[PDB]
Each structure stands twice: as structure tokens, then as C-alpha cells.
Amino acid sequence: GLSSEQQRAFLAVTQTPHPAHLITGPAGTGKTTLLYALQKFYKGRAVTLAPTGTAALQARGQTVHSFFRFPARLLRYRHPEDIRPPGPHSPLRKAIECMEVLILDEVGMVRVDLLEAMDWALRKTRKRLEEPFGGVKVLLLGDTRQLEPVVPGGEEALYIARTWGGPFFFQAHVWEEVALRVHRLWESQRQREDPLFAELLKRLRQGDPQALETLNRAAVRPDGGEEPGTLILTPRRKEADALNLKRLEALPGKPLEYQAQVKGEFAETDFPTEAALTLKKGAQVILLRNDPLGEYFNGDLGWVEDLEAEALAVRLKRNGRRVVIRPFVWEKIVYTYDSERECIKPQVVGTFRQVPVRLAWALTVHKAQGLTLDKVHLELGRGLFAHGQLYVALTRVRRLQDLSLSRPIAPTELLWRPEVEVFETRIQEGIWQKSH
Numbered sequence: 067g068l069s070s071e072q073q074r075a076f077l078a079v080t081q082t083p084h085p086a087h088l089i090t091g092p093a094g095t096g097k098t099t100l101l102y103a104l105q106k107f108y109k110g111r112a113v114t115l116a117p118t119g120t121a122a123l124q125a126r127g128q129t130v131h132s133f134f135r136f137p138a139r140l141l142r143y144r145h146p147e148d149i150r151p152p153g154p155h156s157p158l159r160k161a162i163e164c165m166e167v168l169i170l171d172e173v174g175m176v177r178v179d180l181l182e183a184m185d186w187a188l189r190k191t192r193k194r195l196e197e198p199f200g201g202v203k204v205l206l207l208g209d210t211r212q213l214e215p216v217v218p219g220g221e222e223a224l225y226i227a228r229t230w231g232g233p234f235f236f237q238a239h240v241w242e243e244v245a246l247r248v249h250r251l252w253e254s255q256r257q258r259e260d261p262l263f264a265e266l267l268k269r270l271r272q273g274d275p276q277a278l279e280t281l282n283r284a285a286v287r288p289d290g291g292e293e294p295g296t297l298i299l300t301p302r303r304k305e306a307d308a309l310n311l312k313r314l315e316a317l318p319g320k321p322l323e324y325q326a327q328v329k330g331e332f333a334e335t336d337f338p339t340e341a342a343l344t345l346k347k348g349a350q351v352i353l354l355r356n357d358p359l360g361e362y363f364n365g366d367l368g369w370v371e372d373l374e375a376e377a378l379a380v381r382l383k384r385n386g387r388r389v390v391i392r393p394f395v396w397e398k399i400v401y402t403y404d405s406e407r408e409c410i411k412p413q414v415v416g417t418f419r420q421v422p423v424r425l426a427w428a429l430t431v432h433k434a435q436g437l438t439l440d441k442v443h444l445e446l447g448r449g450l451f452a453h454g455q456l457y458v459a460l461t462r463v464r465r466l467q468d469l470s471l472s473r474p475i476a477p478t479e480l481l482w483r484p485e486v487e488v489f490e491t492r493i494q495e496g497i498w499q500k501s502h
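Numbering-wise, PDB author numbering comes out as the position in the sequence shown, counting from 1, plus 66.
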């Protein structure tokens with residue numbers, strides 16, 4: 067059931083002998099379906115991997131490190147102490163040998179050393195140490211702007227600056243070996259972008275002072291989160307929980323804890339929502355899963371109406387008072403070999419069972435990714451300017467008129483890294499290729 071926009075990328079990618087294919091575009095519905103259609107079209111010959119546990123869970127996939135058994139440290143270039151090929155008859159060698167396509171969701175968060183580890187791992191264990199990725203067709207995925215990989219500093223930062231010159235996945239020497247066909251997106255709603263707001267964001271990333279002054283002298287409205295329909299986006303989840311709790315205590319109703327059923331292997335950090343989820347009638351909440359019938363969608367803001375042991379009523383803001391949601395089951399999937407005929411089967415190894423809803427008076431940019439929001443209000447933390455970490459926060463709205471700020475933004479908070487600014491431009495022709 068793919069649309070022409072998705073079917074344009076699918077047929078362009080799924081049919082060519084070319085291995086490398088980046089696909090950029092915002093998160094959300096339509097992109098998730100595109101991945102599901104891709105992984106199932108390939109189903110027996112392809113693995114869906116992701117850099118983090120959260121990214122792996124929401125993509126029906128396995129962590130990059132957990133699949134390749136990579137250790138949790140700096141992956142030194144082609145180093146066997148770090149990159150260890152699975153030996154003969156290993157449960158891993160069999161799967162990578164009979165694979166043809168590899169998928170990488172949220173490539174934006176893949177640190178350069180990790181992409182280079184993927185290549186040298188597929189090469190040494192597939193006998194194609196001359197062709198990039200051992201000749202496996204790699205399908206990179208994710209809005210590349212959703213950055214940036216943490217680099218601890220000291221020795222590790224120095225080694226990365228010397229070997230690659232930066233942490234981003236494009237700085238990996240594998241691209242001096244093959245061309246990366248980039249399949250463009252972001253036309254999913256042309257003018258619910260407000261092209262003057264779109265251009266304003268481009269000026270802000272390029273460090274224009276007048277654009278920031280224009281941004282601040284339209285948007286700075288201290289505590290404009292009280293205004294009706296406002297979602298209060300915070301950068302750190304610590305203050306978002308505090309803001310949700312302060313408003314949950316205000317409600318007079320009787321709370322009702324919801325207890326997860328964490329079966330099997332399921333990390334604590336990978337928990338989509340609080341496993342100790344206390345709710346009250348009248349709470350602002352948001353959905354975390356697409357309804358199989360079709361009534362509700364992943365990221366549908368609502369309010370608690372009736373609390374029941376294993377069901378709850380939510381007034382959807384979108385239309386109103388229609389759906390009661392029942393607990394959903396998350397699976398922690400890991401790809402393994404099965405001698406069914408010779409080849410890959412996505413074995414379930416864990417579970418997190420609870421109601422797909424979370425407190426949404428306030429939210430983090432971490433979780434708010436790819437949501438078409440109506441009115442937001444950012445809460446500044448005096449220093450979030452970790453080389454443009456706040457640019458993603460502004461993109462959460464279509465028009466400047468919708469966004470409010472608690473405090474004016476410094477020019478640094480939005481400035482793009484030089485490596486990134488030059489990457490997102492040479493991609494807009496099509497193919498991207500590392501020079502010199």
C-alpha cells in the first residue's frame with residue numbers, strides 16, 4: 067500500500083546493482099511504512115540494523131553492535147582487536163554470508179568508526195574484501211540532520227580526528243570507494259513548511275545574525291506554554307518529567323498505576339514508556355503506536371477520560387473522544403540463521419508489554435521526533451548550545467507563528483557544524499562521494 071512518493075524510492079533502490087543508497091527525510095508515518103515495505107520485500111535475505119537500542123526497537127531490528135558482536139568502545143580502523151570476524155560455522159557467519167541487502171535506520175546517529183567496522187566486518191567474513199561492504203547492498207535511512215554522535219574526548223576524540231577527521235558517518239573512507247545515491251524526501255507537505263520559515267531555518271543554521279534576531283524578536287514569549295494546545299518541548303528529559311509531574315499532581319482524580327510485563331531480554335534503557343506509568347483522569351497523554359484498525363496513530367495527542375485496569379479512554383485532540391486503547395506488546399528482535407532452507411529468520415528475544423501511552427504535558431525533542439505539532443514552547447537550559455543541538459527543536463513546527471520560546475537563543479545554539487553544512491549541500495545533486 068505504498069504511495070507514489072514511497073514507490074519512487076523503493077523501485078529506484080530495490081532495482082539496480084548499486085549497493086550504496088542513502089534515503090533522507092523526516093521521521094514519522096510514511097517513512098516507517100517505507101521501511102516495513104522494504105524489509106518485507108527483502109525478507110529472507112536482509113537484516114534491519116540501527117545504532118541505538120531505541121532506534122532498533124522502533125525499526126523492528128537489532129542493534130548494530132549486538133548483531134556484529136562489536137564491543138562498546140572506539141572501533142579502531144580495520145583493527146582485529148575490535149573487529150572480530152565470526153569464525154567457521156559461527157551462528158553469525160552463516161547469516162551474513164547468505165545476505166544481500168543491509169538496512170541501517172537512523173544512520174544520522176552512526177559514528178564513523180561504527181560504519182567502518184560494518185564494512186570491514188562484512189568484507190573479512192564474506193571473501194569480498196575488495197568490494198565495499200563485501201558487496202552487500204546497503205540501504206541507509208534517516209533524516210541526516212537528527213544528530214550528533216557523542217565523542218567522549220581525550221584520546222578517543224584525537225584518534226577520530228586523525229583517522230577520519232570527524233564523527234559523522236559520511237567521513238568514513240568506504241565512500242572513497244563507492245558512490246552514495248541519495249534519494250531525496252521532505253516534500254511530504256510542501257507549504258505546511260511555510261517556505262519563509264524553511265528559509266529562516268536555513269539562515270539560522272548558516273549562522274546569520276539577523277535571522278536569529280528575527281527569530282528572537284518574534285518568538286520569545288516567557289511561559290507561553292500555558293496557552294491552549296501548547297506542548298512544552300524540553301531538550302533534557304529530566305525537566306520534562308518534572309513538568310509532567312507538577313501538572314499530574316494538580317489533577318484531583320485518583321491515580322492508577324499501569325504495570326509493564328517485561329518478558330525475556332529487554333534493556334531498561336530501551337523502555338519506550340515508563341514501566342510504572344501512573345495516570346489520572348484529565349492527563350495530557352500521547353499515543354506511541356499505530357492502531358491496527360486505523361482509529362488512532364503513533365503520536366496522537368489526547369486526554370485521559372476513563373481509567374480501567376487494562377483499558378483506558380482518551381479524547382483525541384485530532385477529532386475527539388473516539389478510541390479506547392489496550393496494552394500493546396513490543397518485541398526485542400534479533401536476526402539469526404535458521405536452516406529452513408539456508409537463511410535469515412528474525413527471532414524474538416524479548417518483550418515489553420504495556421499501554422502505548424506516555425505523559426505529554428511536556429516532551430523531549432528526543433521523543434518528539436517527526437511529529438506534526440500545532441503549538442510548542444521551548445524551555446531554555448542556559449547552555450544547550452552543543453554545536454547546534456537546538457536546530458532540530460525548531461524544525462518541530464511548520465510556521466514561526468506556532469513556536470514560542472521561554473528565553474532568547476544564542477547564535478551558537480543553532481549553528482550547523484562545518485562538516486554537516488558541506489555534506490547537506492553536496493548531497494543535493496544526487497550522489498554523494500568523498501573526495502581526497
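All residues carry an ideal CB built from backbone N, CA and C; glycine is no exception.
Task: Candidates 323, 355, 361, 380: closest to residue 348 by CA position - done: 380
- [ ] Would you check if the segment 390-397 and the segment 416-423 touch, i.e. whether three or more CB-CB distances between them fall below 8 Å?
- [x] yes
Open item on the list: Counting C-beta neighbours from all protein chains within 10 Å, is the total for residue 295 16 or more, i.e. buried, or is it exposed?
Closed with: exposed
Open item on the list: Can you give me the C-alpha to C-alpha distance between residue 493 and residue 424, rounded to a whole angstrom?
Closed with: 37 Å
Task: Simplified DSSP state of residue 110, which is helix, strand or coil - done: helix
Task: Integer Cβ distance of residue 309 from residue 207, believed to fall under 8 Å - done: Actually they do not touch by this definition, with Cβ atoms about 32 Å apart.
- [ ] Decide yes or no for the touch test of the segment 182-189 against the segment 446-465: beta carbon pairs closer than 8 Å, at least 3 of them.
- [x] no
TODO: For residue 366, count neighbouring C-beta atoms within 10 Å of its own C-beta (all shown protein chains included) and say buried if the count is 16 or more, exposed if not.
DONE: buried
TODO: Kindly list the residues whose CB is nearer than 7 Å to the CB of residue 121, restricted to its own chain and excluding five residues on each side of it in sequence; keep chain order.
DONE: 171, 172, 175
TODO: Drop a sphere of 10 angstroms on the beta-carbon of residue 289, count the other beta-carbons inside from all chains shown, and report buried for 16 or more, exposed for fewer.
DONE: exposed
Task: Inter-residue Cα distance where the pair is residue 273 and residue 431 - done: 21 Å
TODO: May I have the straight-line CA-CA distance separating residue 224 from residue 138, to the nearest angstrom?
DONE: 18 Å
Task: CB of residue 451 within 8 Å of CB of residue 426, strictly - done: no
- [ ] Quick one: measure Cβ to Cβ for residue 167 and residue 203, integer angstroms, because I've assumed they're closer than 8 Å.
- [x] 5 Å
Task: Where the beta strand (DSSP E) through residue 372 begins and ends - done: 367-374
- [ ] Quick one: grab the DSSP three-state call for residue 330.
- [x] strand
Task: Three-pair Cβ contact test at 8 Å for the segment 317-324 versus the segment 352-369 - done: no
Open item on the list: With a threshold of 7 Å on Cβ separation, who are the neighbours of residue 63 within its own chain once the five nearest residues in sequence on each side are excluded?
Closed with: Residue 63 lies beyond the residue range present for the chain, which begins at 67 and ends at 502; the question has no answer from this structure.
Task: Inter-residue Cα distance where the pair is residue 408 and residue 164 - done: 8 Å
Open item on the list: Less than 7 Å between C-beta atoms, sequence neighbours within five positions excluded: which residues of the same chain meet that for residue 235?
Closed with: 173, 176, 178, 181
TODO: Assign residue 491 to buried or exposed, taking buried as 16 or more other Cβ atoms, counted over all protein chains shown, within 10 Å of its Cβ.
DONE: exposed
Open item on the list: So for residue 166, helix, strand or coil by DSSP?
Closed with: coil
- [ ] Run the CB neighbour count on residue 327, radius 10 Å, all protein chains shown included, and call it buried at 16 or more, exposed below.
- [x] exposed
Open item on the list: For residue 306, which residues in the same chain have their Cβ closer than 7 Å to its Cβ, ignoring the five residues on either side in sequence?
Closed with: 300, 428, 429, 430
- [ ] Taking the CB atoms as reference points, tell me whether residue 388 and residue 371 lie closer together than 8 Å.
- [x] no
- [ ] Give the DSSP-derived three-state secondary structure of residue 470 in the structure shown.
- [x] strand
TODO: Apply the 10 Å Cβ neighbour rule to residue 183 and answer buried if 16 or more other Cβ atoms are within range, or exposed otherwise.
DONE: buried
Task: For residue 52: DSSP bridge partner residues - done: No information on residue 52 is available, as it lies outside the stretch 67 to 502 that the chain covers here.
Open item on the list: DSSP three-state label for residue 323, please.
Closed with: strand
TODO: Whole angstroms is fine: what's the gap from residue 267's alpha carbon to residue 209's?
DONE: 15 Å
Open item on the list: Using C-beta distances below 7 Å, list every residue in its chain close to residue 125, excluding the 5 sequence neighbours before and after it, in chain order.
Closed with: 101, 114, 116, 171
Task: Straight-line gap, residue 470 to residue 312 (C-alpha atoms, nearest Å) - done: 21 Å
TODO: Measure the C-alpha to C-alpha separation of residue 287 and residue 472 and round it to an integer number of angstroms.
DONE: 6 Å
Open item on the list: Tell me the rounded alpha-carbon separation between residue 505 and residue 444.
Closed with: The chain is shown from 67 up to 502; residue 505 falls before or after that span and cannot be answered.
Open item on the list: Can you tell me whether residue 240 is helix, strand or coil according to DSSP?
Closed with: helix
TODO: Note down, in chain order, each residue of its chain lying with its Cβ closer than 7 Å to the Cβ of residue 119, except the 5 sequence neighbours on either side.
DONE: 129, 333, 335, 336
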